[PDB]
Amino acid sequence: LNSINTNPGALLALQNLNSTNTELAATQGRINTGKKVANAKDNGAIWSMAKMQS
Amino acid sequence: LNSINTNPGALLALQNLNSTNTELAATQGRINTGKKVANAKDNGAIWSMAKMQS
Amino acid sequence: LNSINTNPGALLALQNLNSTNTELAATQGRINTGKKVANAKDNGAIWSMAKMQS
Amino acid sequence: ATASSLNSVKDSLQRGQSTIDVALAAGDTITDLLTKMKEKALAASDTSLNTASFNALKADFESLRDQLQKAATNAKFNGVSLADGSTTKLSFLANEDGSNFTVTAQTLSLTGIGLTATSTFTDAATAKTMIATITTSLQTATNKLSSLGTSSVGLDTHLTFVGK
Amino acid sequence: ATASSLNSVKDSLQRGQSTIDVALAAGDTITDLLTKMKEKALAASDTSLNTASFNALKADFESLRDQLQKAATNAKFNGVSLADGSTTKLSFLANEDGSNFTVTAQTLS
Amino acid sequence: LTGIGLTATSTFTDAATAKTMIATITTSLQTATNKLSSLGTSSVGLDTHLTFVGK
Amino acid sequence: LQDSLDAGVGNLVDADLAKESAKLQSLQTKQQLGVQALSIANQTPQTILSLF
Amino acid sequence: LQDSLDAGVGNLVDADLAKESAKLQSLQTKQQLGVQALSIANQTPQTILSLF
Amino acid sequence: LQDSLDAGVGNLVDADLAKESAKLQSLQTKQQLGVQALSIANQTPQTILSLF
């Protein structure tokens, strides 16, 4: 706990900030694209389904 | 992730904005022309049939 | 290392700061001109091509 | 002593890039001058023009070439120049032992781009011949400025390496 | 006498580090000139260019080549270098008995 | 200056003469520095001999 | 043909500012980070003063 | 493709600065602790004067 | 033209203050270390009184 070499709590806070940044990037993609399934990485089954539909 | 030299998310958002701008340019072009096949680039076969019938 | 006369590390940081400063200068030039090839110093061959075409 | 001697190499390199900047600033005007003379020769190529418009375009060409020669002769910094043709080249320090960083002069004066001080056009055919020589002068001028700019980028790179 | 002799090995390793830093400073420019030369030759390969554009690309290519040879010649540290090709290797002190820490030269000419 | 390779009137009068003078000034600084190194070694030997004379 | 020539000159010289604004902000961050790093490098030598 | 190659270079060389901030503060503390430990090791021998 | 001459005089004359700040701080640290060394040199004679 009382260490100058390392601190777990800063690592956990950075992990949580990275998760928030990833959620913000996904929100940016959904906003600028207008689609919740914009590509095959989003969800492949419904993506190929809508591809054949189009 | 927490890079200061390059940010991929801005690149992806700019690609989406360029796609939207291209679709808007095609829309304004076929609005001002009044034709969905205004030239050979739009569809060369339909343009050929239409020019021969004309 | 433990020198009262000269320290290499501040010189290295000064070179890195000068590098980011000249990159910011190129950024300001591309912004205030609007061209990536505003003059012969940027790229002489493409500049001559653009001058002949203009 | 070898380290302290490099400040002269650096300030000479900076004076050299400043002279390059002055020559490029003059060439930026010389190119537009050549372009407008090309447009005037193309306009004077017409056989349908009345004589009055022909003398008018000829007067524009005279004033244009005179302004080109003046802007070419005004391009100098600290008493030296790489555009007026007064010298074939200028050298600047590149190392503490006295090695030089040569920068060839690229004349931008009227005679250096294939134009004479008297060159004009008298009839439509002379303007039609003038079109191609003005295009060649614009081409050689842009090539000279491209060489000057590449020399400037090399000067900057050598300055950075000398600082390292 | 051994502990006193080690100072020369320390100074020799520091001198070799400074020489390698000079060689790296020259290579940082040689790599950029090679990248721009690849750019110029690659654009020059296009057949749609008119002759004047090809001449300008050729002039830029030759100018960058001469600048690359210049940057290769300027790499040296107090009369010795690992990049200009003047020598095959430098033998740096590694212990008090005279054993050497060889560093092979890498010509950048 | 006579021991340093310089004359009392030594002087460049032209850019090429100054470029030739650069190597002369370098050789002069080098020989002067070697002379000072010899003086320092002689002074260290003098101090060593003084300590031995005291012993 | 004149419109095509102008479009080609614009394709040759014009910069993509939408790319450029992100580069501007990132360099503005890197500048402050470099100033802070140079300040810490300047602060480093003085710690030896405590030993005397 | 050019965007993908630039993103790959950024993944390959860029530092994760958010960890570097905590590393910087921890090293700034360790440096002062090291100077104090060196000063104590310096003062330790001098106690021999008391026995004479 | 006048702009180019002003920029050239600025290149010939102006100093790089970012290096001057480091020069200044290292010179202050050297001045304090030298004042302490002068104090030690002044205290060197003091042992002579112990002889009598």
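Structure: above.
Colleague: Before we go on, may I ask you to explain the pairing of strand β1 (residues 89–93) of chain D in this structure?
Modeller: Remember that side chains alternate between the two faces of the sheet whenever the strand is regular. Residues and elements named next belong to chain D. Here β1 shows a clear split, with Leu90 and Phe92 buried on one side and none of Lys89, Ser91 and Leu93 buried on the other. Bridging between β1 and strand β2 (residues 100–104) involves five bridges; their strand directions are antiparallel. Looking across to β2, one finds that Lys89 is bridged to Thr104. Between β1 and β2, which follow one another and run antiparallel, lie six residues, and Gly98 among them has a positive phi close to 100°.

Colleague: Which parts of the structure should I look at to understand the interface of chain G and chain B?
Modeller: Where the parts come together, the accessible area they lose is often given as the size of the interface. With seven residues of chain G at the interface, the matching set in chain B holds five residues. Together, the buried faces of chain G and chain B total about 520 Å²; carbon and sulfur atoms form 68% of this surface. The largest per-residue losses of area from chain G upon contact with chain B belong to G:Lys19, G:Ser26 and G:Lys30, which jointly make up 55% of the total buried on that side. Counting across the interface, chain G meets chain B through zero salt bridges. Connecting chain G to chain B are one residue pair in polar contact.

Colleague: It is not clear to me how unusual backbone geometry should be interpreted in this structure. Could you clarify?
Modeller: In most cases, non-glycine residues show a negative phi, while peptide bonds are predominantly trans. With a phi close to 55°, D:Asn78 is a non-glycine residue in the positive phi region. With respect to the element layout, D:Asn78 can be found in the loop between α2 (51–73) and β1. You can call D:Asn78 exposed: its relative accessible area is 59%. Positive phi outside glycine occurs at E:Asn78, with the angle close to 55°.

Colleague: What's the story with the packing of aromatic side chains in this structure? I'm lost.
Modeller: Each pair of aromatic rings is reported with the distance of its centres and the angle of its planes. For the coordinates displayed, the defined rule picks out two aromatic pairs over all chains. Measuring from centroid to centroid gives 5.8 Å for D:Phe54 and D:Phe121, while their planes differ by 80°, and the two rings are edge-to-face. Placement of the pair is D:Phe54 in helix α2 and D:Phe121 in the loop between β2 and α3 (124–163), with a sequence separation of 67 residues. Of the two residues, D:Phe54 and D:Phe121, neither departs from the other in class, the shared state being buried. Among the aromatic residues, those joined into a cluster by ring pairs are D:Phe54, D:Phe61 and D:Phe121. Its guanidinium or amino end placed over the ring of D:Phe101, E:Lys70 lies 5.0 Å from that ring's centre, counting from NZ or CZ.

Colleague: Please explain the nonpolar core as it appears in this structure.
Modeller: Counting 52 residues, the largest nonpolar core has D:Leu34 and D:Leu68 as the members making the most contacts within it. Among the secondary structure elements, those contributing two or more residues to this core are α1 (6–44), α2, β1, β2 and α3 of chain D together with α1 (2–44) of chain E. What D:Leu68 contacts, discounting residues up to four positions off in sequence, is D:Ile30, D:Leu33, D:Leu34, D:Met37, D:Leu108, D:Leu110 and D:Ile113. By size, the runner-up hydrophobic cluster in this structure holds seven residues, among which are E:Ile30, E:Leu33, E:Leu68 and E:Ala71.

Colleague: Would you explain the arrangement of the chains in this entry?
Modeller: Across the 13 pairs of chains in contact, the largest number of contacts is found between chains C and G. Without any contact between them, chain A and chain E keep their closest C-alpha atoms 29 Å apart. Nothing in chain C touches chain F, and the closest approach of their C-alpha atoms is 22 Å.

Cut-offs used in this document
Residues numbered from 1 in each chain as written, not as in the entry; some residues may be left out. Chains lettered and ligands numbered in written order. Part of a larger assembly, values for the part shown. Heavy atoms only, no water. Buried < 20%, exposed > 50% of the residue type's maximum accessible area, 1.4 Å probe, protein only. Helix = DSSP H or I, 4+ residues; strand = E, 2+ residues; numbered from the N terminus. Pairing = 2+ DSSP bridges. Contact = heavy atoms within 4.5 Å. Buried area = accessible area lost by both parts, 1.4 Å probe. Salt bridge = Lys/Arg side-chain N within 4 Å of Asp/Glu carboxyl O. Polar contact = N/O pair within 3.5 Å; in protein donor to acceptor, adjacent residues only side chain to side chain. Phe/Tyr/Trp six-rings, centres within 6.5 Å; stacked < 30°, edge-to-face > 60°. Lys NZ or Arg CZ within 6 Å of the ring centre and 35° of its normal. Core = buried A, V, L, I, M, F, W, Y, C linked by side-chain atoms within 4.5 Å.

In short, the description is geometric, and any link to function would need to be established separately.
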